[PDB]
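What follows is a short report on a single structure.
Heavy-atom basis, side chains included; hydrogens, waters and symmetry copies ignored. A, B, ... follow the sequence lines: proteins, then strands. Residue 1 opens every chain.
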Amino acid sequence: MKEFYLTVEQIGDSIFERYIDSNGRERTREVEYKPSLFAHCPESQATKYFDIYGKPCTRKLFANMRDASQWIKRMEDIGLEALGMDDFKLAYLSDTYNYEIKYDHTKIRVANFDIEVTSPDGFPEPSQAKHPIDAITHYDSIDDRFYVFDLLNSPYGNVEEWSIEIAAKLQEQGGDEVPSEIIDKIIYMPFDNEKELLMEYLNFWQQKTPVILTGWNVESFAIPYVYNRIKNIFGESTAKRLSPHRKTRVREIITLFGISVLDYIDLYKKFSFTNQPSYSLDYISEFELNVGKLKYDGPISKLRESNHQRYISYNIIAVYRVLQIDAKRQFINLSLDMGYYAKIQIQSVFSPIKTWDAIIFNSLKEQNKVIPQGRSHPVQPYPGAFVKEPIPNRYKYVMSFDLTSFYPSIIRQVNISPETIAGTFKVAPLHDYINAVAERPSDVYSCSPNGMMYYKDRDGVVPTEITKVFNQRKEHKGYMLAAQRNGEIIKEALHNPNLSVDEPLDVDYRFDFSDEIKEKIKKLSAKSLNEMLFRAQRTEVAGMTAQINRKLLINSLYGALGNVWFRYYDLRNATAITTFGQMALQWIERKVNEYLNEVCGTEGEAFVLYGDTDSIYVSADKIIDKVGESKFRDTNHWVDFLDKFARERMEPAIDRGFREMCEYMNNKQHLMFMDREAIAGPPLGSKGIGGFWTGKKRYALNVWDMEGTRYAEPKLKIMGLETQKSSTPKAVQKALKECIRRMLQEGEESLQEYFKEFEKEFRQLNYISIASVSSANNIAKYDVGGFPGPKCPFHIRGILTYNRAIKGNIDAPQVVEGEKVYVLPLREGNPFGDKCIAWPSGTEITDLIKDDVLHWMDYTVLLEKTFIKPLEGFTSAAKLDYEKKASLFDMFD
DNA sequence: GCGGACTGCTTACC
Ligand SMILES: Cc1cn([C@H]2C[C@H](O)[C@@H](COP(=O)(O)OP(=O)(O)OP(=O)(O)O)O2)c(=O)[nH]c1=O
Ligand SMILES: [Ca+2]
Ligand SMILES: [Ca+2]
Ligand SMILES: [Ca+2]
Ligand SMILES: [Cl-]
Ligand code: NA
Ligand code: NA
Ligand code: NA
Ligand code: NA
């Protein structure tokens, strides 16, 4: 097979590389790499090297990497540009792997681990590592085995061996319910001393050295704890065995040279597109996998002592949970894909700037072109997208339209790149271009309304490389949408399931079901169908991960143009994109309004009610009215009608409008592709209002079709409202959403019934479910003798109240700076001495003060502040009442 | 005694 790297590092004048060879074997080599950099040279000098602007350069070979970096400094002292890739390991990878890397993931050692540390005096600080490590579970992807290291003898208690027989038993049998599919994969090792455990773990590590190292919070806890514990016990030289090159670099984070650490919490935060109230593994596992919380009696600091059996079982389970989350989300696969595509260290996938620098560098190197030197720039603001101010109101029938990959398509259309800049023109006010009254900027170059002109013959490296990734994105989105469409087919077949014993069909959910498959589905059992729906949704999530993160990468290339740390930073190019974007949106709003007035036979009516960046929301009341609501059989009938109308009439008109804009700006290629997104409206013959807007970025719609996916049941599309915010209490989100569902689908009366019921019963809701959530930043900034300082935020005040309440209890959970907290208001005269209290999110509040918090919660404040105020906002906007008003009719019986 | 204007903070939407 073709060779591929695993890890690369620079240590002095040496490049240390771990790699898989042509026979599939892992090897390590130290290479005294000789890098090249470039300097501008006279035009009369024969060379094959040119910078991106076409100026000739000469290549300077250096005896070692130190001589190259010293030359860079000297060139700085002279005042001349030192060109070329200054990150020598990226240069090394590019030289060593001068082809498209095809890798075999089964050859890559991915290690998932988690440690346990009993601490009687609070959270065990990794920098101190003063407590024994009493458990390590380490899963190896190559062995497919869970290696379990169990400390039997500790100063905090001597325990019996963990029993795999009991671990496998059901909870109802007094077992631990360790999943049956990993029982035979567990390799259990008890130890009588901590030193012997750690020594063996190091020997194990040497034999099975991770390439990718992951787990939950491994970078901030597990890795530094293990490193510091081993260092404190055996000495630094022994601790350095954690690095395959014996080099490490040190609240601290340890860099293990020759290992690529991908902490799963960081992968999840970057790639999941969620914002969670808590990031405990417990919480995320429940959210992602729908598994129950790992229950136990007493505190964690005594779990090993009281129930060591469960203690070890939960350690193993914790490792497995991350594997299960990755099997669903596939962020490891994404990191490997992106990393090898860019030819970077795998951990550099967290940095889109490093990623794009490497992609562009490799692309330019292929043509013997030389990259410019990074330069220092001051941070400056620059304008972004346009957002229309909507008239707050209900909106019955709505169709939306969105542009495909907007900013990257602008880049490709206008041909925006550092080296395709051609000149400038004199700008007219933006609305002059929008209304097509300003003179055509250029009949030679491709232009943006910010004043920039670009060559339209030349291939730009930014357009070229963004197109390649965009093409990957488009493929994966197709798989995602098909899996989604396949999902609805299965959901509708769950309305008439057969009573028989069969099996789920063997199909590729990435492609639309054939008629044969669909026929078989209608005769399938409920058990088989539910299993198919599961596999369909899993296939959809896999596609979603792949497509939405390639979308993120290409949008981050736009973003990088506005980042001073980017080698190709240029506010001329960044603004060219956003300004063109503002023009395109407002241009097509006009075209859409014009076309719809023409087909509806009216004049001057506003059809576009809202728009943000690249989307428009079209009021379709008059389209429905022209055909008359009476002529429709059911809801699905008018949905098909609007689907057809948008597809056969509106979209061709939109394409005509954009083609004209492309000619207006003399652009290189028409790539403004705006298709229908959502069809929204109330159920036919209902009192539902269909949708409403309260303001910019705040609306709700009752959607029947989304991007070609015809829902089995109508799905609420809610943006910006409190239902969508992690800060809103769980039970309030749920209640507010039901309020919205009733408004959009059923009407005012239905809303009023539900509200009355909620108000009556809400005090019985669990305290966690009605707690607000907030991030805890700068606690110390507002701490004045344990009391709130000037301008102390509400949630920070709650934390200070908590701290005073648990003062003198070394066992009580501490609020961690930067993490999230649950927040509850307190009734007047409470023993806590303040109007609110906060505690670490994702946890029960400590038993020390739990009963008193429950007693003093302010349900009245909770209701009117988190529930009623947002509800008042929704309903006044939609022009209705959540509560029956007083009338002259009240004087009757 | 507190409404309005302004500020910091948080978390959305694109
Ligand atoms: C979501 C997002 C958008 N944007 C900008 C660039 C996007 O092209 C533009 C439009 O937002 P989107 O319409 O949400 O994203 P998109 O048009 O790029 O991709 P899609 O085909 O799924 O619609 O907003 C960012 O800069 N960063 C982001 O994270
Ligand atoms: Ca021993
Ligand atoms: Ca879009
Ligand atoms: Ca059937
Ligand atoms: Cl796409
Ligand atoms: Na742990
Ligand atoms: Na059970
Ligand atoms: Na130490
Ligand atoms: Na779309």
Side-chain angles (χ1 to χ4, degrees), chain A residues 269 272-279 382-390 400-411 548-549 551-559 561-562 574 577-586 588-589 610-617 672 674 677-678 693-701 716-730 732-733 736-737 740 771-783 788-790 792-800 815 817-823 836 838 841 865-866 870 873-874:
Chain A
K269 287 181 179 176
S272 72
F273 291 80
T274 62
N275 192 2
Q276 304 283 15
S278 162
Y279 290 93
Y382 70 93
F386 174 79
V387 183
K388 184 187 176 64
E389 188 76 63
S400 65
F401 294 83
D402 170 275
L403 284 137
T404 295
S405 182
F406 192 46
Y407 286 6
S409 300
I410 292 168
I411 289 181
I548 208 181
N549 288 297
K551 160 184 177 169
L552 170 62
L553 185 59
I554 61 181
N555 290 345
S556 292
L557 177 49
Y558 145 70
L561 294 168
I577 296 165
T578 67
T579 313
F580 188 96
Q582 291 207 6
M583 176 185 61
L585 168 61
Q586 293 177 92
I588 209 59
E589 173 189 13
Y610 183 63
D612 189 340
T613 306
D614 66 331
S615 62
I616 59 167
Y617 291 79
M672 295 294 96
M674 168 172 272
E677 201 97 305
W693 263 261
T694 81
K696 291 182 182 183
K697 301 177 182 280
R698 287 179 59 89
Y699 59 95
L701 295 170
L716 303 180
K717 179 187 180 58
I718 312 173
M719 311 305 302
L721 307 193
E722 280 72 5
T723 52
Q724 306 311 110
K725 290 202 155 56
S726 57
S727 49
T728 305
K730 281 302 184 186
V732 171
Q733 287 176 343
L736 281 180
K737 183 167 184 165
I740 292 170
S772 303
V773 176
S774 188
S775 293
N777 296 322
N778 295 306
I779 303 166
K781 180 184 180 181
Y782 296 102
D783 192 337
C792 183
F794 191 84
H795 61 292
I796 303 305
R797 172 180 299 267
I799 295 173
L800 298 179
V815 175
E817 163 73 28
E819 297 197 347
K820 295 195 184 180
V821 295
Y822 282 136
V823 185
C836 64
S841 75
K865 211 172 60 167
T866 72
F874 303 163

- Task: Could you give the distance separating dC6(B) and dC2(B) at their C1' atoms, to the nearest angstrom?
- Result: 16 Å
- Query: Counting side-chain heavy atoms from CB outward, which of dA12(B), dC9(B), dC13(B) is closest to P793(A)?
  - Reply: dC9(B)
- Taken to the nearest whole Å, CD/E817(A) to P/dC9(B) is 12 Å
- Rounded to whole Å, CD1 of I779(A) lies from P of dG8(B) at a distance of 20 Å
- Task: Tell me which nucleotide among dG8(B), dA12(B), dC13(B) gets nearest to the side chain of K781(A).
- Result: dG8(B)
- Query: So, is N777(A) close to the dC9(B) phosphate, meaning a side-chain N or O under 4.0 Å from OP1 or OP2?
  - Reply: no
- Note on the structure: Atom NZ of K551(A) and atom P of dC13(B) are separated, to the nearest Å, by 12 Å
- Nearest-Å distance, NE2 (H795(A)) to P (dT10(B))? 4 Å
- Taking atom P in both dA5(B) and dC9(B), compute the distance separating them and give it to the nearest angstrom. 23 Å
- Query: Does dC9(B) have OP1 or OP2 sitting under 4.0 Å from an N or O in the side chain of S774(A)?
  - Reply: no
- Message: Measuring to OP1 and OP2 of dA12(B), would you say a side-chain N or O of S726(A) lies under 4.0 angstrom away?
- Response: yes
- Task: To the nearest Å, give me how far apart CD1 (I548(A)) and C1' (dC13(B)) are.
- Result: 13 Å
- Query: Just how far, in rounded Å, is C1' of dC13(B) from CD of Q724(A)?
  - Reply: 11 Å
- Task: For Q586(A), check side chain to side chain donor-acceptor pair (under 3.5 Å) against everything at least two apart and list the hits.
- Result: none
- Got a sec, which residues hit side chain to side chain contact (heavy atoms under 4.5 Å, CB included) with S278(A), two or more places apart in sequence or on another chain? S280(A), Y283(A), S841(A)
- On a whole-Å scale, what distance lies between the P atoms belonging to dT11(B) and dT7(B)? 22 Å
- Query: Whole-Å distance between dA12(B) P and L736(A) CG?
  - Reply: 15 Å
- Item | Phosphate OP1/OP2 of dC9(B): any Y782(A) side-chain N/O under 4.0 Å | yes
- Query: Between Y407(A) and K551(A), is there a cation-pi geometry (under 6.0 Å to ring centre, at most 45° from the normal)?
  - Reply: no
- Do we get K820(A) above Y279(A)'s six-membered ring, with its NZ or CZ under 6.0 Å from the centre and within 45° of the axis? no
- Whole Å only: how far is the CG atom of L721(A) from the P atom of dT11(B)? 17 Å
- Task: For residues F401(A) and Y617(A), establish whether the separation of their ring centroids is below 6.0 Å.
- Result: no
